[PDB]
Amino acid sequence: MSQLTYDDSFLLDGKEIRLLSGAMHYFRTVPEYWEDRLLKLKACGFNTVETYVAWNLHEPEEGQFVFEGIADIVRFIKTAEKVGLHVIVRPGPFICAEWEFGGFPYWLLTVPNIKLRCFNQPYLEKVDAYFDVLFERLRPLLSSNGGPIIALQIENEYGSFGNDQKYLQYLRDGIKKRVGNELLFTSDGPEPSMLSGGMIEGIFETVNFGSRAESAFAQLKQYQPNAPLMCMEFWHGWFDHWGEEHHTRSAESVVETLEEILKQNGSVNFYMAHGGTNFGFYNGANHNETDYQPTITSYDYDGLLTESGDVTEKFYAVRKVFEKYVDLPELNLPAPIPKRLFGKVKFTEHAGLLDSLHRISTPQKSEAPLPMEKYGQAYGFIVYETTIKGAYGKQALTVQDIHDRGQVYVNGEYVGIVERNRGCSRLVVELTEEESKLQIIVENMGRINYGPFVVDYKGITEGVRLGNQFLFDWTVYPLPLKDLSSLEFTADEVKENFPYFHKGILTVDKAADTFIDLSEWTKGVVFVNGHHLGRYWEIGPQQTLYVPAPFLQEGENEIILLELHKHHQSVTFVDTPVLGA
C-alpha cells in the first residue's frame, strides 16, 4: 500500500516526491464539472488535489447527514483518483476558507454551554459524532486502503485563533483513530504566535503565505528544523468582499514567489487552483476591528482556472515553471466548455415577499426576538413582526443588534434600513396611529469565518426598542428560500423598497454556460430552475452571476429573481462575466 512519509524529504512509494498540489473544493463546483476541472489541474502539472470538507454541508441539521449531489465527497475524490491525482483532505472541523461560519453548522450556535475550537465537552461531542460519519465514508479512500488520500490536516491555522493544546491533541488522536497510517499535519502562518499556538506535538507543520517564502520557511525552521518544507496554502490570488475592488495578482508576480518556494526544495499547494462559486447562501465573511465584511458570491480568486473553469494566463505561466522542476507530458486539455448569451428575459410576473409569507414560511412565536438559529434557521432572510399599541409619536427605533441588514416597515410603509456597520442600527419612526405593525426583514449576509467574532448569531441578537423600551410578543417568518414552489404571481403593482420576487422564462435551444447581468438591479438573489445562484449587489465588484449549464434545460427555464429594493423589467444573459467593475 502506498504511504506518504518523510525524512529529509517527502517519500512515497519508495521515492522522493515533491508535492505539487492544487486546491479545489468539491462544494464550490457543480458535480457534472468536477472531472473537467480535475483534468485541467492534472494538465497543469499538479500531482495532487487538496480539498477542505464542509461540515455544514454534510450535517445541515443535527443528525441529518448529507453526501449527495454537490456534497458527494466520495465521488469527487474518486474522480481525482481516476484522473490520476493524489488527494489531501483537510477535514477541519473548522475550515475557514471564506465559507459560511467557517464550515461550522448553524446549529452549533444553540448548543448550551458550547465554546468553539477549544477543549469543550459539548463542542467535542458534536465533532466526534460528525467525524464518526465522515470518516466512515472516507475510509475506503485512504491510501492505507488503496485509495488516493495520502494526507490529512488536523485543524486549520489554529494558531491564528487559539492555543488549546489539549484540544489539538484530542483532535489529533481522534483523527488518528479513524484513519490509517496516512500523514497528519497542521498548517499555520509563519509567525511565532501562530506556530506556538498551532503546532501539535508529534505532528508535521506546514505554513501558509502569499509572499516571502524564504522568510516564511526560515521561521518555520526555527520550530521544525529538519523536516521537508511545504506551503500548504500559497495564496497566489485573493478573494473579494462586497464593495471592494476585484483582487488580482499577475502571473509574473505569482511566478516569482513560486520559484522562491521551489528553489528551496519546497512543496506547494496552490490556493486556489480552481476556486469556483459560493452558491446559495454559502458565502463567508470577515470582520476587521470595526466592520463586518461579507465575501462575494464568486470565488474565482484569480485562480489558475476562472470561476467557470477556463484556463488562464496564470495557468500557462505556472505550468512553465513546473516544467523546470518536474518532467511533464505534452499538454492535453479537454475541449473548452461553451459559453452562450441567451439575451433578455422579461419579468411578466411578480410577488411581494411580505405578501407571500405563508407561501414560503411557517410562522413561529416568541416573547422576545431571537436570532434565526433559535428558530431553526441556518441561512437566508427572516421577517420579525410585532404590534405596538399606543401612539408613541416620534421615536428612535434601535435594533440590538442587527446581523446583518434589515429593512424596516411600519403599518406597511417603508421607513428605512438598519445596518450592522454601525451607528446604522437606529432609525427615526413616527408612530401616530393607535396601533402600529412593525416588520423587519433581516438578511443573514453570511457568518463570519475567521477571527474573534466568529460566534456570529444572525437576525436580531437581543432586542428591538423604541427609545429604551424593548418590544415584546413577536411573530417571525424564517425565509431560507429552499422551496419556492408555492409562490403565486400577478402582473400587478411593484413597490420600490419592498422585496419582490420577479418571474420570467428563458427559452434555451441547447444548455450552455452563461452569466446573468444584474448591473441594472440593486440587491438580491437569483434562482434558475430552483437552483440558488447566489447573491448580487450593485456595489460590486461582481456584477454577473454564473449559471452552470446543468442548472439549465432545453426548453423553458424558470428564472426567479428576488430583488430587495429597486425593481426593473428584465435581465439579460451574457457570455462573459463582470467580476471587476
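Note that residue numbering follows the sequence shown and begins at 1.
Of the two segments examined, 323-331 and 153-161, it is 323-331 that shows the higher average Cα temperature factor in the deposited entry. 47-55 and 548-556 differ in mean CA B-factor, and the higher of the two is recorded for 548-556. In this entry, the residue among 100, 300, 434, 256 with the greatest C-alpha B factor is 434. Of the candidates 188, 128, 401, 240, the deposited coordinates give 128 the top C-alpha B factor. When the modelled residues of the chain are ordered by their C-alpha B factor, residue 198 lands in the middle third.
Looking at the C-alpha B-factors along this chain, the one for residue 283 belongs to the lowest third. Remark: residue 70 belongs to the middle third of its chain, ranked by C-alpha B-factor as recorded. Per the PDB record, residue ranking by Cα B-factor puts residue 463 in the middle third of the chain. Looking at the C-alpha B-factors along this chain, the one for residue 29 belongs to the lowest third.
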